[PDB]
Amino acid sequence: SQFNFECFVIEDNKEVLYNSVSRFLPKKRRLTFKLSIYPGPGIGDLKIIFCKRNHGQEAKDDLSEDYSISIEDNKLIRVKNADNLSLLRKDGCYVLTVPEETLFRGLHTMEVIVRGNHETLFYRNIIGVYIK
C-alpha cells in the first residue's frame, strides 16, 4: 500500500503492534502512531493532520489535540502544534511518528488525514485505543 497507519505500544523497549481495539492497555505505556508514506506518481507535497480525541461520557476538549504538518520538497514543515512529530526516510519510505502516552481511562482515537494536489483526499485512517 502507498499509505499505512499503525499504533505501537512500547513494551520492554520494543515496539509491539496494537492490532485490536478489544485490548485494554494499562496506563503509563508509551505509544507511537506511525504514518508510512511510499511516494510515487502524484504523491509528493502533502498536507497532513493528526486528530487525537477521547470518547464517552467524560469526553473533554482538554484531551483533544490536532497535529498539523506539511511535506514540501520532501521536507517536514511544522504548521501547528506539531513539535512532537518527527519525519524519517527509510528506503524510499517516509515515516511520520506521533508519540503519546496512556493516561486516561476509556476510548481514545487518533485519526490521520492526508491531502495533496489542491486538497484532493489521498488517505484517511483512524485507530481506536482502550485504556484501563
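One rule holds for the numbers: they count along the sequence shown, beginning at 1.
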Could you settle it for me: does 64-72 or 90-98 have the higher average Cα B factor in the PDB entry?
90-98
37-45 or 103-111, whichever carries the higher mean Cα B-factor:
37-45
Quick check for you: using the entry's CA B-factors within this chain, is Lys14 in the lowest, middle or highest third?
highest
Sorting the chain's CA B-factors, does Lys52 end up in the lowest, middle or highest third?
lowest
Could you tell me which third, lowest, middle or highest, the C-alpha B-factor of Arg124 occupies within its chain?
lowest
Going by what the PDB entry lists, where does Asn117 fall on CA B-factor within its chain: lowest, middle or highest third?
highest
